[PDB]
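Positions of Cβ are backbone-derived with ideal geometry, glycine not excepted, and every protein chain shown enters the neighbour counts. Here, each number is a calculation from the coordinates, and none is a lab measurement.
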Amino acid sequence: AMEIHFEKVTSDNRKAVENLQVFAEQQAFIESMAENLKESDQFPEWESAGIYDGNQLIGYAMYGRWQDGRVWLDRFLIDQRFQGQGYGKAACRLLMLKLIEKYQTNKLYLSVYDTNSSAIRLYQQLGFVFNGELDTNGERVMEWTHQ
Amino acid sequence: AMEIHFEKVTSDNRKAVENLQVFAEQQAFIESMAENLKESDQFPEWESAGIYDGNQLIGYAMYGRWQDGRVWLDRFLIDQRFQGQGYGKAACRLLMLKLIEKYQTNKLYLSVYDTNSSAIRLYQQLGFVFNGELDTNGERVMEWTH
Ligand SMILES: [Cl-]
Ligand SMILES: [Cl-]
Ligand SMILES: [Cl-]
Ligand SMILES: [Cl-]
Ligand SMILES: [Cl-]
Ligand SMILES: [Cl-]
Ligand SMILES: [Cl-]
Ligand SMILES: [Cl-]
Ligand SMILES: [Cl-]
Ligand SMILES: [Cl-]
Ligand SMILES: [Cl-]
Ligand SMILES: [K+]
Ligand code: NA
Ligand code: NA
Ligand code: NA
């Protein structure tokens with residue numbers, strides 16, 4: 001019957017884990033977000049934010065200065081009820097400007113999966129370019145430079 | 001009118017953020033999971049594992065013993081393809097036994113959202129009980145004492 005075992009995440013299975021299908025587990029993603037928030041609250045390097053249009057919460061973002069001094073956009077979500085209507089790009093641009101005002105640097109960093117075309121296009125339109133680096137999770141790094 | 005602004009997450013809006021309707025966004029999940037793995041790999045307290053049935057990846061776990069001294073079950077997911085087949089109970093039970101061996105403790109902790117009926121049931125069936133504590137995110141803590 002069942003042969004349940006656990007494996008450390010490595011390059012051999014990381015992408016399989018990243019592609020775990022979970023597109024109905026509404027209660028599960030509640031738990032995912034609660035942990036997301038807990039993990040951000042744990043370390044002062046990280047900060048979570050709700051994204052609002054007026055009084056309506058439309059999304060979420062996590063970001064922060066990592067130890068190397070690089071500033072990262074770690075998570076960025078728009079609620080499904082509000083997608084396809086220019087919120088992501090508008091919110092992402094504003095977040096970018098807030099980050100480079102908060103911190104000294106004029107560079108921001110993120111990493112993307114090699115198939116997330118909907119997101120890559122958004123970040124590309126906002127000035128993010130692939131910089132030839134790989135993140136620790138094997139994702140391709142993108143970098144926004146201000147000038 | 002479009003009026004975009006950003007608010008710190010506090011008790012005023014945390015549960016609103018926790019309930020963001022992002023459960024139908026496939027590509028968003030890949031990034032969410034990738035970020036989970038990045039954060040897990042960063043801190044030695046935390047460990048991520050794939051859950052397998054033989055050669056089939058069926059789920060994901062994240063767990064850690066933090067500076068406080070308690071061992072937590074931080075993240076636990078079963079792929080929606082293999083839901084409702086008993087993999088939740090069996091894998092969680094096996095994971096519990098792994099952690100009390102790996103660490104010195106005979107206790108394990110998790111926290112759950114109140115409206116999560118399946119989770120509270122599942123965890124209770126395995127021996128977890130509400131211990132009257134609140135987590136940092138406002139979730140009710142459950143505890144399993146071996
Ligand atoms: Cl195992
Ligand atoms: Cl695999
Ligand atoms: Cl849009
Ligand atoms: Cl590019
Ligand atoms: Cl490149
Ligand atoms: Cl703002
Ligand atoms: Cl608060
Ligand atoms: Cl998608
Ligand atoms: Cl979870
Ligand atoms: Cl299950
Ligand atoms: Cl109980
Ligand atoms: K999770
Ligand atoms: Na990333
Ligand atoms: Na780790
Ligand atoms: Na929790």
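Any chance segment A:83-94 includes a residue that's more than 7 Å from every other protein chain (Cβ to nearest Cβ) and in contact with a strand residue (DSSP E or B) (Cβ under 6 Å, 6 or more places away or on another chain)? Yes, the conditions are met somewhere in segment A:83-94. Anything in segment B:128-143 that is without any contact (Cβ under 8 Å) to a residue 24 or more places away in the chain and either surrounded by fewer than 18 Cβ atoms within 10 Å (Cβ to Cβ) or among the charged types (D, E, K, R) (or both)? List them, or say none. Hits for segment B:128-143 are B:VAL129, B:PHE130, B:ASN131, B:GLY132, B:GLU133, B:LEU134, B:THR136.
Looking only at segment A:50-82, residues that are facing chain B (nearest Cβ under 8 Å) and either loosely packed, with under 14 Cβ neighbours inside 10 Å or over 17 Å from B:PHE6 (Cα atoms) (or both) come to 3 in all. Go over the candidates A:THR105, A:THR115 one by one and state the one that is of a type outside the set (A, V, I, L, M, F, W, C) and either surrounded by 14 or more Cβ atoms within 10 Å (Cβ to Cβ) or farther than 21 Å from B:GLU25 by Cβ (or both). It is A:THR105. Consider segment A:70-99 and keep the residues that are charged (D, E, K, R) and under 27 Å from A:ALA16 (Cα atoms). The one that is nearest to the chain's Cα centre (by Cα) is A:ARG75. Scanning segment B:1-17 for residues that are among the polar types (S, T, N, Q) and without any contact (Cβ under 8 Å) to a residue 24 or more places away in the chain turns up B:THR10, B:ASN13. Annotation: A:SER48 fulfils all but one of (1) touching a helix residue (DSSP H, G or I) at 6+ places or on another chain (Cβ under 7 Å); (2) of a type outside the set (A, V, I, L, M); (3) part of a helix (DSSP H, G or I); the unmet one is (3). Among the residues of segment B:100-129, the ones that are over 22 Å from B:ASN19 (Cα atoms) and in a strand (DSSP E or B) come to 4 in all. Restricting attention to segment A:109-117, does a residue exist that is under 13 Å from the mean Cα position of the chain (by Cα), within 11 Å of another protein chain (Cβ to nearest Cβ) and in contact (Cβ under 8 Å) with a residue 60 or more places away in the chain? Yes; the residues of segment A:109-117 include at least one that is under 13 Å from the mean Cα position of the chain (by Cα), within 11 Å of another protein chain (Cβ to nearest Cβ) and in contact (Cβ under 8 Å) with a residue 60 or more places away in the chain.
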